[PDB]
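**Student:** okay, structure incoming, though there's no sequence with it:
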C-alpha cells in the first residue's frame, strides 16, 4: 500500500499487457509483442485534496518485457473512476 511490491501473475501481466497495448495503439515504438512483467513491480496509494488530504487513486511502477526488450511502465488507477491508465512508458532499460 505504501511503496510495496505486488505479486507478478495474471493481474500484473494484464496491466503490463494493457500498457503495451496502449503504447502499441499510439505506435510510439511501433507494435511490440508483450511477453510478461518482472520485478520490480512496486505500488503506492495516491492522495489528492491537499491540506486536509484525501485518497484519490494508486500508482504502479513495473518493468514490462515486450519483444524481449524491458521497459518501465508507470500506471495510475483512479479510485472514483475505478479505471487504470498509462502515466508513462520509459525504456528500453536493462535490468540491474
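**Tutor:** Everything's here; your move. Residues are numbered from 1 along each chain as shown.
**Student:** state the phi and psi torsions of the residue nearest to residue 13 when sequence neighbours are not counted.
**Tutor:** Of all residues not flanking residue 13 in the chain, residue 37 sits nearest, at 5.9 Å (C-beta to C-beta, 6 or more residues apart in numbering). Every C-beta, even on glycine, is put in place using the N, C-alpha and C of the backbone. Main-chain dihedrals, residue 37, degrees, to the nearest 10: phi -120, psi 140.
**Student:** quickly note the distance from residue 37 to residue 15.
**Tutor:** Distance, residue 37 to residue 15, using C-beta to C-beta, to the nearest Å: 7 Å.
**Student:** which outside residues touch the helix or strand harbouring residue 57?
**Tutor:** Following DSSP states H and E, one finds residue 57 within strand 54-66. Here strand 54-66 makes contact (C-beta atoms under 8 Å, 6 or more residues apart in numbering) with 6, 12, 15-16, 19-20, 32-49, 70-80, 87, 93, 95.
**Student:** do that again at 7 Å, thanks
**Tutor:** The contact list for strand 54-66 (C-beta atoms under 7 Å, 6 or more residues apart in numbering) reads 12, 15-16, 19-20, 32-48, 70-79, 87.
**Student:** what does stretch 76-86 give?
**Tutor:** Counting by C-beta under 7 Å, 6+ apart, 15, 18-19, 22, 55-59, 73, 75, 87 sit against stretch 76-86.
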